[PDB]
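K.L.:
Chains as they are written, first to last, in UniProt numbering: chain A, 1 to 262; chain B, 1 to 264. Heads up, the beta-carbon is just placed ideally off N, CA and C, and yes, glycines get one too.
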């Protein structure tokens, strides 16, 4: 993983079996951490046959990707997300702590638009962006141009670092959600597909196609739908437990792939 | 993976940064799952930072390895483990839930040395084995030979299926803990080390020519002391996060090695 943009697809039913809300929110945070550890660019929540909790799953994932200084302004932190407090930290480049320094890249929430341009929250004191028509209430990437009583920034995105993931809450099933992002390589993982250990060099090569790959995960119970995937593998051959939970399979699989993509 | 017995070494400081007890027990449970998923033979808990919760870590992991038809009698009401209820299930060969049948294997708790021999607590009801020396109040494996009222079982644990892990609470440190429990191959993980992706064939060769391997996991905040290992390696090249929790590292690493020690 040095380029190949990865997109993970997860069923909105991943938290269905876990009753405890604290545990359920923590479950979803493990996915945020797994995605971030391996530099995943996007997480896709799709509608699984049963009923789902897409809203909750999306909410936790986004809360986690959002810098600490902005979640309290972006998240009404009501009942649903009450345990959001026991989520593990996420130490990524877009999650800086402490006052902003010159030349530093930060994500900011456009707040109020003034005559000078747009006022934005970057985690210090309201900063001003000169690019007049920045639409308010958005989270954008900025570069700190200059400091002062009113910091100055310009919209800008780093390319030399990990910048988090975008979470797509398509309320559509897998087939269509896949149809949306449509990547050049679609890897479907299944306990019943050939062990990765056998088709290893094939996967190594395809993934090197290197555009954007979509990794698909189903539940421990129901396998994926009759979908179109460039490859089908069991990335966890010889499991010794009757089941492998999705948060687990996500991490286990991202790790195996991380090594195939150099 | 098989014919390559795995032991992993984890620090007694892994639950140190979480105040929440429920999450804290759940985190140890994740280690219990990663271990079982990959058929780990044992979990060695070593000493490292200031304080620690080697005992708490030892209790949760054991609680989970221990069949549910025993926990109630093997574990006293311990305030520390009040959230054992939310630990994720572990469906393993040694965790049968269906009543005892002929030729099936079951782990049993020894209860009392009886006139004929010894009564062990197997699956459902109460049964017995012949052997007397069988120390009481200790768990061991047996295989049901004959059912009925006085079901008889003979001590024996399979070697064809996974049979859980044993928890080793060496109250010694990393180095002193390697001495206590030996393996012919020590693999040390670290971000500072050479990436698995480089010394790959090498690692694979050492791993397959295995007997018993020990995978060492340090913390995310410190790493590992300069112990002598047969292989130093970063199984997670290019992490985008500043830290990788031990529980994360354990699972991620196990699946990378799991991919290497497979067989034709």
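Quick check on residue 68 of chain B: does DSSP put it in helix, strand or coil?
P.N.:
Mapped onto the second chain, residue 68 of chain B falls at position 68. The answer is helix: DSSP assigns residue 68 of chain B an H, G or I state.
K.L.:
Check residue 172 of chain B in the structure and name its three-state DSSP category.
P.N.:
Residue mapping note: residue 172 of chain B aligns to position 172 of the second chain, counting from 1. Reduced to three states, the DSSP call for residue 172 of chain B is coil.
K.L.:
If residue 117 of chain B sits next to residue 140 of chain B, beta carbons under 8 Å apart, how far is it from one beta carbon to the other, in whole angstroms?
P.N.:
Working through the second chain from its first residue, we reach residue 117 of chain B at position 117. Working through the second chain from its first residue, we reach residue 140 of chain B at position 140. Wrong, their Cβ atoms sit about 14 Å apart, outside the cutoff.
K.L.:
Grab me the residues of residue 5 of chain B's own chain with a C-beta within less than 6 Å of its C-beta, minus the 5 sequence neighbours each way, in chain order.
P.N.:
For this step, residue 5 of chain B is matched to residue 5 along the second chain. Taken in chain order, the residues that qualify are 41 and 212.
K.L.:
Let's see if you can read the secondary structure: which residues bound the beta strand (DSSP E) around residue 38 of chain B?
P.N.:
Locating residue 38 of chain B in the second chain gives position 38, where the first residue counts as 1. From DSSP, residue 38 of chain B is part of no beta strand (DSSP E); its letter is neither H nor E.
K.L.:
Residues in the same chain with beta-carbon distance under 6 Å from residue 67 of chain B, minus the five sequence neighbours each way, listed in chain order, please.
P.N.:
Here residue 67 of chain B corresponds to residue number 67 of the second chain, with the count starting at 1. These residues qualify, in order along the chain: 95 and 107.
K.L.:
Let's see if you can read the secondary structure: which residues bound the alpha helix (DSSP H) around residue 253 of chain B?
P.N.:
Translated into positions along the second chain, residue 253 of chain B becomes position 253. It spans 246 to 260 - the alpha helix (DSSP H) in which residue 253 of chain B sits, taken as one unbroken run.
K.L.:
Keeping to the same chain, check which residues put their C-beta closer than 7 Å to that of residue 166 of chain B; ignore five residues upstream and five downstream.
P.N.:
Here residue 166 of chain B corresponds to residue number 166 of the second chain, with the count starting at 1. Once the five neighbours on either side are set aside, the close Cβ partners of residue 166 of chain B are 42.
K.L.:
So is residue 202 of chain B buried or exposed if we call it buried at 16+ other beta carbons inside 10 Å?
P.N.:
Against the second chain, residue 202 of chain B aligns to sequence position 202. Classification of residue 202 of chain B: exposed, given that the 10 Å Cβ count is below 16.
K.L.:
Counting contacts by CB-CB distance shorter than 8 Å, is residue 236 of chain B in contact with chain A?
P.N.:
By one-based count along the second chain, residue 236 of chain B stands at place 236. Answer yes: the Cβ-Cβ gap between residue 236 of chain B and chain A drops below 8 Å somewhere.
K.L.:
Taking 8 Å as the cut-off, decide whether the C-beta atoms of residue 185 of chain B and residue 214 of chain B are in contact.
P.N.:
Here residue 185 of chain B refers to the residue found at position 185 of the second chain. Here residue 214 of chain B refers to the residue found at position 214 of the second chain. Closer than 8 Å, so yes.
K.L.:
Report the residue from A:255, A:104 and A:14 whose alpha carbon sits nearest the alpha carbon of residue 36 of chain A.
P.N.:
For this step, residue 36 of chain A is matched to residue 36 along the first chain. Closest by alpha carbon: A:255.
K.L.:
Tell me the rounded alpha-carbon separation between residue 120 of chain B and residue 164 of chain B.
P.N.:
Start at 1 with the first residue of the second chain, and residue 120 of chain B comes out as number 120. Start at 1 with the first residue of the second chain, and residue 164 of chain B comes out as number 164. Their Cα atoms are separated by approximately 19 Å.
K.L.:
Could you round the C-beta distance between residue 2 of chain A and residue 262 of chain A to whole angstroms and report it? I think they count as a contact, below 8 Å.
P.N.:
What you label residue 2 of chain A is simply residue 2 of the first chain in a count that begins at 1. What you label residue 262 of chain A is simply residue 262 of the first chain in a count that begins at 1. Going by Cβ atoms, the distance from residue 2 of chain A to residue 262 of chain A rounds to 6 Å, so yes, they are a contact pair.
K.L.:
Using 10 angstroms around the beta-carbon of residue 242 of chain A, count the other beta-carbons present and answer buried if the total reaches 16, otherwise exposed.
P.N.:
Residue numbering aside, residue 242 of chain A sits at position 242 when the first chain is read from its first letter. Residue 242 of chain A should be labelled exposed.
K.L.:
Buried or exposed for residue 124 of chain B, please, with buried defined as at least 16 other CB atoms from any protein chain shown within 10 angstroms of its CB.
P.N.:
Working through the second chain from its first residue, we reach residue 124 of chain B at position 124. Exposed: under 16 other Cβ atoms inside 10 Å.
K.L.:
Are any of the Cβ atoms in chain A nearer than 8 Å to that of residue 206 of chain B?
P.N.:
As a first step, residue 206 of chain B is located in the second chain; it is residue number 206 there, counting from the start. So, not an interface residue.
K.L.:
List the DSSP bridge partners of residue 166 of chain A.
P.N.:
The sequence position of residue 166 of chain A within the first chain is 166, counting from 1. Beta-bridge pairing links residue 166 of chain A to A:42.
K.L.:
Could you name the residues that DSSP lists as bridge partners for residue 109 of chain A?
P.N.:
By 1-based counting over the first chain, the position of residue 109 of chain A is 109. Bridge partners of residue 109 of chain A: A:121 and A:139.
K.L.:
Give me the residue from B:220, B:179 and B:176 with the minimum Cα distance to residue 192 of chain B.
P.N.:
The residue labelled residue 192 of chain B in the question sits at position 192 within the second chain. Answer by Cα proximity: B:220.
K.L.:
By Cβ distance below 6 Å, which residues in the same chain neighbour residue 54 of chain A in space, the five residues on each side in sequence not counted?
P.N.:
Within the first chain, numbered from 1, the residue matching residue 54 of chain A stands at position 54. Within the same chain, residue 54 of chain A has close Cβ partners 12, 45 and 169.
K.L.:
For a contact defined as C-beta to C-beta under 7 Å, what are the partners of residue 20 of chain A on chain B?
P.N.:
Position 20 of the first chain holds residue 20 of chain A. Ordered by position in chain B, the residues that pass the 7 Å Cβ test against residue 20 of chain A are 86.
K.L.:
Report the three-state DSSP secondary structure of residue 281 of chain B (helix, strand or coil).
P.N.:
Limits of chain B in this structure are 1 at one end and 264 at the other, which puts residue 281 of chain B out of reach.
K.L.:
Would you mind stating whether residue 57 of chain A and residue 15 of chain A have Cβ atoms separated by less than 8 Å?
P.N.:
The count along the first chain starts at 1 and reaches residue 57 of chain A at position 57. The count along the first chain starts at 1 and reaches residue 15 of chain A at position 15. Yes. Within cutoff.
K.L.:
Applying the criterion that 16 or more other CB atoms from any shown protein chain within 10 Å of the CB defines a buried residue, is residue 258 of chain B buried or exposed?
P.N.:
Here residue 258 of chain B refers to the residue found at position 258 of the second chain. Buried, because 16 or more other Cβ atoms sit within 10 Å of the Cβ of residue 258 of chain B.
K.L.:
Kindly list, in the order they appear in chain A, the residues whose Cβ is closer than 7 Å to that of residue 26 of chain B.
P.N.:
As a first step, residue 26 of chain B must be located in the second chain, where it is residue number 26. Within chain A, the residues near residue 26 of chain B are 23 and 26.
K.L.:
Between which residues of its own chain and residue 173 of chain B is the CB-CB distance below 8 Å, once the five residues before and five after are set aside?
P.N.:
Within the second chain, numbered from 1, the residue matching residue 173 of chain B stands at position 173. Correct list, in chain order: 46, 47, 48 and 225.
K.L.:
Between which two residues does the alpha helix (DSSP H) containing residue 201 of chain B stretch?
P.N.:
The residue labelled residue 201 of chain B in the question sits at position 201 within the second chain. Segment 200 to 208, the alpha helix (DSSP H) holding residue 201 of chain B.
K.L.:
Taking its Cβ as the centre, do 16 or more other Cβ atoms sit within 10 Å of residue 102 of chain B, making it buried, or is it exposed?
P.N.:
What you label residue 102 of chain B is simply residue 102 of the second chain in a count that begins at 1. Exposed.
K.L.:
With which residues is residue 214 of chain B paired in a DSSP beta bridge?
P.N.:
By 1-based counting over the second chain, the position of residue 214 of chain B is 214. Residue 214 of chain B is bridged to B:7 and B:186.
K.L.:
Per DSSP, which residues does residue 80 of chain B bridge with? Please list them.
P.N.:
Taking the first residue of the second chain as position 1, residue 80 of chain B is located at position 80. According to DSSP, which records beta bridges pairwise, residue 80 of chain B is partnered with nothing at all.
K.L.:
Cutting at 7 Å between CB atoms, please list the residues of its own chain near residue 64 of chain A, excluding the five before and the five after it.
P.N.:
Here the question's residue 64 of chain A lines up with position 64 in the first chain. If we look at residue 64 of chain A and ignore the five residues flanking it on each side, its Cβ neighbours are 29, 32, 87 and 90.
K.L.:
Step through the CB atoms of chain A and report whether any lies within less than 8 Å of the CB of residue 37 of chain B.
P.N.:
Start at 1 with the first residue of the second chain, and residue 37 of chain B comes out as number 37. Yes, residue 37 of chain B lies at the interface with chain A (some Cβ there is under 8 Å from its Cβ).
K.L.:
Step through the CB atoms of chain A and report whether any lies within less than 8 Å of the CB of residue 165 of chain B.
P.N.:
Against the second chain, residue 165 of chain B aligns to sequence position 165. Chain A, which has no Cβ nearer than 8 Å to the Cβ of residue 165 of chain B, makes this no.
K.L.:
So with CB distances below 7 Å, who are the chain A contacts of residue 255 of chain B?
P.N.:
As a working mapping, residue 255 of chain B is identified with position 255 in the second chain. The answer, in chain order, is 236, 252, 255 and 256.
K.L.:
In three-state terms, what does DSSP make of residue 126 of chain B?
P.N.:
The residue labelled residue 126 of chain B in the question sits at position 126 within the second chain. Three-state DSSP puts residue 126 of chain B in a strand.
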